[PDB]
Structure formats: C-alpha cells, structure tokens
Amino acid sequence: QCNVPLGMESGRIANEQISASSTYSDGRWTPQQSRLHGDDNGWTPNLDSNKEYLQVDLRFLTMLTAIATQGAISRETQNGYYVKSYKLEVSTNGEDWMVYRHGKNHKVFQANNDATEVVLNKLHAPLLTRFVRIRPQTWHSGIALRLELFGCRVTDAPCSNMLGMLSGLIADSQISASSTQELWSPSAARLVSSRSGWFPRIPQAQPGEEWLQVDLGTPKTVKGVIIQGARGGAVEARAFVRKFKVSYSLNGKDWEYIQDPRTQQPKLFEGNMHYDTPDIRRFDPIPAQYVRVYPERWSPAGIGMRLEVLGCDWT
C-alpha cells in the first residue's frame, strides 16, 4: 500500500520538519499551520510571488505518490485565499534539487478553486525523495496552503531492507570497482550519504565494461537496487547512469546476470534521469553475497553513480 498519508494532518510530521521561504509578518500564518484540515488559518508567505515555497523534510528516503492541498479562510477576517497551481521541487539532501517534470518541462499541478475543499494530485511517475518543496505559481487573493503528502517507505515492502550502503553497515572494504579515476573513497559510491559518486577511470567508457561491486558480507536475498547519479567535483560534474545490467554471485568469482524473460538475455534496467533523484528497481529475489552493477548508457559527463542494494536475510 503506497497511498498512505505521511503525517501532515496527524502530527507524525513534526513542527520542526516544516519550514518555508518566508511567513506573514503578523505571525498568524506560520508554516506549521499548513496541516491538511487544520482549523487555524494556513501557511502564507510574507510576499506573494512564485519564488516562495513551503518545505517538508520527511527525514527518511520515502516514495512520494500524491499531494493534497487546500487554501484557508482567515480566522480574523473570514476572507478566503488559495493556491491555484504549483510546481514540485525535491531533494535527497536539501542541497541538490530537481523540479518535477512532465515530459521535457516542469509539471504544473492544478490545485484549488476555493478555500475549503481538498484537491488531490497523483504523481504520474512516483518519486523517491526526502525533502519536498511546494512552489505556488498562481493563487486567488493571496497564497495560502494546507497540505498532505502521500506515499510509503521503500522498506515497507516485503524483503526490501536497505542492506547497508547508506547506513554504513557495509564497510568501505566491501565496496570495489572495475576502475576508478582517483586512492578513491569507497564511501563515494553510497546512496544519498555521499555528495560525490563513483566515477570510473575513463567515465566515457565502453558499455557493459565498467562496474561497481558490493559485497554484502554474508549470503542474502536480493530483491532490488536503488541507483543514483553523481554530483562529482573544483568543477562540479552532474552525471548519471541511464541504463544498466546486474550480476550476482555467492563466491565472488562466478557471475550470473539477472535475465529478462522476454529476451532470454541479461535485463537492461532503466537508470536515472537526474544526478540526485534516485530510482528504485525491484526484481524477483535471487541468492547472493556479491552484486555487480554495469552501466550501459549514461549522461554527457560520463558514468557517475551511487548505489544501495535491497533485500533481507535468508529465512
């Protein structure tokens, strides 16, 4: 189930996780008043412009599937205010941001038409993230928001634990590659926790020729990967892998590929479309201690990537 309200109405998203670009100077429209169905006003910025935003830190990587909004009626005046359209901006870390797109350009979500009713927008393509910004583009009378976010934790699914790239339970010694450009730091390759990435010696490599390998420490059930791009960096190199294959092994010597049923050939998985926003790719459960990810296609900067492995212990 991944339509679950994530905590605005209920308080499970605490006051400290809600912030904004600004807030109205009388103090009666604070970001913390932006909870769906709240009975005291709503969030309003100090200026009404399309540069203002309401921000939520979900604290953990979370799949986002939908957004609900209302306007608000002023307790003090009885006047109504509502956002009519907005954009969505997301981030795993609070520094690197992606504006949500529909095709080649920004998605403009149609929002409210009065101060009282809830409008729900489903993401056409759901999204793995931590920080969420709602960016009003048009409004009636003034910007005012109440909000709920919907989705789930990746690890809610059966046998879908993060196996330790992000947490560090997998040590640097367990992480290796076909080549590296730097005495690189294996931690550079960790989902979300690294602010750079793994780059091979020649990032413009031959397809299927380079790889990143994770040793899980013991044999496990592997049921997916989470792939991310790389920020790199004096000059910052936003890179990502656009397609890839997966191999797996118990001995670290003999390798099998995850196969596509239709082609009867190794499966070519879709990778990322942005250097920060990760993508989860699940597959049927395989026994493995070692996993290899082979970039097949990549952005203009070349191969740069961060990785996590998903699964669970043998039962």
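Numbering starts at 1 and follows the sequence shown.
Chemist: Please say, as none, 1 to 3, 4 to 9, or 10 or more, how many residues of the deposited sequence are without coordinates in the interval between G233 and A234.
Modeler: Missing residues, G233 to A234: 4 to 9.
Chemist: Answer with none, 1 to 3, 4 to 9, or 10 or more: how many deposited residues between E95 and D96 are not present in the coordinates.
Modeler: According to the record, the chain runs unbroken from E95 to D96.
Chemist: Going by the average Cα B-factor in the PDB entry, point out whether 73 to 81 or 201 to 209 comes out higher.
Modeler: The recorded data point to 201 to 209.
Chemist: 246 to 254 versus 22 to 30: which one carries the higher mean Cα B factor per the record?
Modeler: Between 22 to 30 and 246 to 254, it is 246 to 254.
Chemist: For the CA B factor values reported in this entry, which option in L183, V132, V214, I227 has the top one?
Modeler: Of the candidates given, the C-alpha B-factor peaks at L183.
Chemist: According to the Cα B-factor stored in this entry, which of the following is highest: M63, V56, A68, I280?
Modeler: Top of the list by C-alpha B-factor: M63.
Chemist: Looking at the temperature factor on the CA atom of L128, which third of the chain's modelled residues does it land in?
Modeler: CA B-factor rank for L128: middle third.
Chemist: Sorting the chain's modelled residues by C-alpha B-factor, tell me whether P285 ends up in the lowest, middle or highest third.
Modeler: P285: CA B-factor falls in the highest third of its chain.
Chemist: Please say which third, lowest, middle or highest, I13 falls into when its CA temperature factor is compared across its chain.
Modeler: Its C-alpha B-factor belongs to the highest third of this chain's values.
Chemist: Lowest, middle or highest third: where is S49 by C-alpha B factor in its chain?
Modeler: Answer is lowest: the recorded C-alpha B-factor places it there.
Chemist: Where does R262 sit by CA temperature factor within its chain: lowest, middle or highest third?
Modeler: It falls in the top third of the chain.
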